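Shown next, in structure tokens, is the structure this report addresses.
In what follows, chains are A, B, ... by sequence order, proteins preceding strands, each numbered from 1. Computation of the quantities below employed the complete heavy-atom set of this structure, encompassing side-chain atoms and omitting hydrogens, waters and symmetry-equivalent molecules.
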Amino acid sequence: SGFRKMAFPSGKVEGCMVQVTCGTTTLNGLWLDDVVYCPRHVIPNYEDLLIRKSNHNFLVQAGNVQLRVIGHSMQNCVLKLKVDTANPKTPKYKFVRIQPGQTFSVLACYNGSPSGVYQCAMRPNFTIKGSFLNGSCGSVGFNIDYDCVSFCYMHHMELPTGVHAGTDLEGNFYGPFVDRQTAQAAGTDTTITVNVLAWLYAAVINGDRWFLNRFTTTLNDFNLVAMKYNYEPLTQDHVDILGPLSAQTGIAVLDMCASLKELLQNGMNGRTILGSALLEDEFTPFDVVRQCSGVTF
Amino acid sequence: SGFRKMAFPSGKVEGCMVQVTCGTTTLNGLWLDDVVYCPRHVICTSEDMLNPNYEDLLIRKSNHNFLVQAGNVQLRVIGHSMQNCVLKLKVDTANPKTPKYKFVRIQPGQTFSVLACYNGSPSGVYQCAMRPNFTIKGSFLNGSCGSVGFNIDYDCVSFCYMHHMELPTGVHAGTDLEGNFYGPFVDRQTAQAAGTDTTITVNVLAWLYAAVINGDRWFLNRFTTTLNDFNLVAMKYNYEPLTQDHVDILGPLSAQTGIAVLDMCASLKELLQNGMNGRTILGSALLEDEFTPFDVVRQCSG
Ligand SMILES: O=C(Nc1cncc2ccc(F)cc12)[C@@H]1CCNc2cc(Cl)c(Cl)cc21
Ligand SMILES: [Cl-]
């Protein structure tokens with residue numbers, strides 16, 4: 001029993017964190033094989049800025065050992081620093097780009113040293129509601145599938161509302177952001193509907209049934225209601241993805257939707273679900289199945 | 001900016017997780033140097049869970065009855081001893097991944113990270129607090145026994161909790177790494193119930209200071225309170241009494257934000273009376289009590 005916001009064990013990623021210094025700027029890098037990946041803002045015409053740099057301008061520190069940079073190249077908004085030493089702690093990994101609503105663990109780092117791990121979701125507006133201070137740039141987001149680390153996020157900046165913006169490991173930003181000092185704002189955010197439904201199934205699995213009702217709804221009627229409350233549309237793919245949870249609890253997805261509709265129009269009425277007075281949207285259907293079944297890494 | 005429930009990076013603990021099997025029971029062990037620590041109930045046959053005589057059960061065991069697996073390698077048990085509710089299995093190999101560590105016993109209200117494990121394999125990491133009723137509101141399934149709670153301030157891992165059991169209300173009970181249970185709990189299947197839980201007042205105040213540091217001030221008011229008047233009101237909402245120690249501990253946050261502790265205590269009293277009125281504080285519609293004053297300073301300042 002219990003339902004917590006749970007991150008993946010961070011060990012395989014901790015062994016990859018390094019400190020990258022260029023001039024007065026110090027941030028984090030991800031050392032995989034003989035390449036250190038970091039935000040290109042560590043060095044704006046980034047082709048012009050980068051051409052003026054030599055390998056010895058980049059100081060890379062892995063623990064108390066200084067790595068020697070033997071090459072450098074830029075791929076979108078990420079700088080790739082070729083080093084002479086392959087990271088002996090390089091796990092089996094992939095670079096994956098995630099979609100809004102997908103969750104991942106963030107290993108927040110400062111000066112190449114991991115300080116914390118937390119679980120978050122890529123918001124529909126492409127920001128993340130993270131917890132980052134100055135020096136956190138280069139901290140990474142990841143998932144673990146069996147023994148493989150899928151790197152999906154690298155932190156680049158904080159927007160004026162306190163939310164965070166970054167890229168996949170190929171340097172493509174999530175969202176309409178740029179790594180430049182200019183006026184940028186997070187768009188109007190929406191609730192990840194499929195995740196709220198998954199979290200309601202987690203509540204049912206944990207014995208919290210008060211919100212259940214005898215009613216069902218059509219997908220179209222649910223989406224008409226969901227659009228009114230700034231919830232993301234629920235697709236047939238989402239309904240299919242929720243199938244296993246629907247079979248385990250005996251509550252059809254559209255039956256759980258009628259519960260969600262009633263919660264949106266009437267509120268919680270002083271009650272809580274899994275210790276929360278708000279509908280939680282940062283657990284995917286896969287996260288719910290993984291936590292309510294105990295998959296290990 | 002931002003405020004998240006943040007766990008310590010679990011790497012230093014993951015390299016210590018092993019699987020311990022005795023008869024039909026399999027659970028997790030913590031392998032530090034040449035000793036594997038695990039719940040002593042691993043020697044129990046479930047039929048002896050109501051009134052187990054652990055000394056009697058352990059005397060009948062030999063080293064080769066304990067199967068310890070570290071990854072795909074079987075460790076050889078060369079000795080065993082019991083210390084309170086923890087079994088210590090001496091092994092013939094020191095864990096090369098043993099971090100710098102300490103065993104610390106925590107007090108109610110203290111927070112720690114949990115590395116939930118099954119079959120000696122880490123599955124997830126989450127943050128939690130030792131409730132005032134000495135239980136933890138964890139996320140654990142069968143086979144999670146032996147999973148540990150820890151803090152990693154600096155490069156040293158302070159082990160503070162080892163999971164032993166789930167109570168009928170879904171909450172969890174366990175011991176420190178010396179085998180002493182937190183609370184009045186026993187590793188017996190006798191009827192046991194968690195006492196009425198209360199809100200960790202000092203942690204709620206720390207979290208309100210975190211909200212102020214992050215730019216949120218809507219809940220502040222022009223009032224102050226005496227500590228006694230605050231406690232009289234606090235007790236009525238099932239909040240833990242706030243002591244002078246708690247007020248002292250909140251001093252640094254009070255100095256940073258410019259809001260005296262008793263002034264913040266008056267915002268809390270008003271929040272308890274009015275609720276949030278559709279508003280949130282740090283993205284929460286409930287008052288959060290699983291962040292200590294130390295966690296707030298660490299996350300908001302460094
Ligand atoms: O508490 C236990 N198991 C589990 C632990 N944490 C979450 C668990 C969730 C579900 C579950 F069925 C078992 C879970 C074990 C085995 C069942 N009984 C029992 C009784 C006593 Cl006295 C002791 Cl010390 C340990 C146990
Ligand atoms: Cl403590």
Side-chain angles (χ1 to χ4, degrees), chain A residues 1-15 17 89 105-111 113-120 128-136 144 158-164 202 206-207 267-268 270 272 275-279 287 290-297, chain B residues 1-15 17 97 113-128 136-144 152 155 166-172 214-215 275-276 278 280 282-287 290 295 298-302:
Chain A
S1 311
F3 205 68
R4 281 281 183 188
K5 196 146 279 179
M6 197 180 288
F8 281 99
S10 57
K12 288 170 166 60
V13 180
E14 291 168 54
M17 304 313 302
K89 296 180 180 165
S105 301
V106 170
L107 182 65
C109 303
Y110 298 91
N111 300 295
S113 166
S115 54
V117 64
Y118 59 89
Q119 185 72 0
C120 70
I128 82 176
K129 291 179 175 176
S131 180
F132 289 125
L133 306 168
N134 196 25
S136 59
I144 302 178
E158 182 172 295
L159 294 173
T161 53
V163 304
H164 303 98
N206 272 269
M268 294 213 194
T272 59
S276 176
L278 290 178
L279 303 173
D287 293 341
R290 202 172 302 126
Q291 185 172 169
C292 307
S293 85
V295 170
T296 65
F297 312 95
Chain B
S1 312
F3 206 70
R4 280 281 184 183
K5 196 147 279 179
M6 197 180 287
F8 282 98
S10 59
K12 287 168 170 58
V13 181
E14 290 167 53
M17 303 314 302
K97 297 182 181 144
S113 302
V114 177
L115 183 64
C117 302
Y118 298 92
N119 300 294
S121 289
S123 54
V125 64
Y126 60 89
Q127 190 67 4
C128 71
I136 77 168
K137 292 181 173 174
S139 174
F140 289 127
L141 305 168
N142 198 26
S144 59
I152 311 190
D155 62 342
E166 183 171 296
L167 293 174
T169 53
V171 303
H172 304 100
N214 273 124
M276 293 211 195
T280 58
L282 294 173
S284 175
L286 288 182
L287 305 178
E290 297 206 351
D295 291 340
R298 190 172 186 274
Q299 188 174 166
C300 305
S301 308

Discussion item. Does any backbone or side-chain atom of A:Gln291 lie under 4.5 Å from a heavy atom of chain B? Answer side chain, backbone, both or neither.
Written reply: both
Practice prompt. Measure distances from B:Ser144 to the heavy atoms of chain A and classify the residue's part below 4.5 Å as side chain, backbone, both or neither.
Written response: neither
Worksheet item: Quick one: what part of A:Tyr110 sits under 4.5 Å from any heavy atom of chain B, side chain, backbone, both or neither?
Response: neither
Worksheet entry | Shortest non-hydrogen contact between B:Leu141 and A:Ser293, atoms and distance | CD1-C, 3.5 Å
Worksheet item: chain B heavy atoms under 4.5 Å from A:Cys120: which part of the residue, side chain, backbone, both or neither?
Response: both
Worksheet entry | Residue pair A:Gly275 / B:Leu286: nearest heavy atoms and the distance that separates them | O-CD1, 3.4 Å
Practice prompt. May I ask you to test the A:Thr296-B:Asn119 pair for a side-chain heavy-atom distance under 4.5 Å?
Written response: no
Worksheet, complete the sentence: Separation between CG (B:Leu282) and OG (A:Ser131), nearest 0.5 Å, reads 9.5 Å
Discussion item. Give me the atom names and distance for the closest heavy-atom approach of B:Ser1 to A:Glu158.
Written reply: OG-OE2, 2.7 Å
Worksheet, complete the sentence: Closest heavy-atom pair, B:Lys5 versus A:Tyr118, reported as atoms and distance to 0.1 Å, is O-CB, 3.5 Å
Practice prompt. Sort out for me which of B:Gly215, B:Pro122, B:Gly15, B:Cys117 touches chain A most, counting heavy-atom pairs under 4.5 Å.
Written response: B:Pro122
Practice prompt. Mind ranking B:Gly170, B:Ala285, B:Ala7 by heavy-atom pairs under 4.5 Å with chain A and telling me who comes out on top?
Written response: B:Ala7
Worksheet item: For B:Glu14 and A:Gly11, which heavy atoms make the closest approach, and how far apart are they?
Response: OE2-N, 2.8 Å
Practice prompt. Could you pull out the closest heavy-atom pair between B:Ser123 and A:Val295, with the gap in Å?
Written response: CB-O, 2.9 Å
Fill in: A:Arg4 side chain vs B:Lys137 backbone, donor-acceptor pair below 3.5 Å
yes
Worksheet item: Where does B:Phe3 contact chain A at under 4.5 Å (heavy atoms): side chain, backbone, both or neither?
Response: backbone
Worksheet item: In terms of heavy-atom pairs under 4.5 Å, which option from B:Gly302, B:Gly138, B:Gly143 contacts chain A the most?
Response: B:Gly138
Discussion item. Are B:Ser10 and A:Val117 packed together at the side-chain level, in the sense that at least one heavy-atom pair is separated by less than 4.5 angstrom?
Written reply: no
Discussion item. Quick check on the interface: out of B:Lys12, B:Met276, B:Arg298, who has the most heavy-atom pairs with chain A under 4.5 Å?
Written reply: B:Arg298
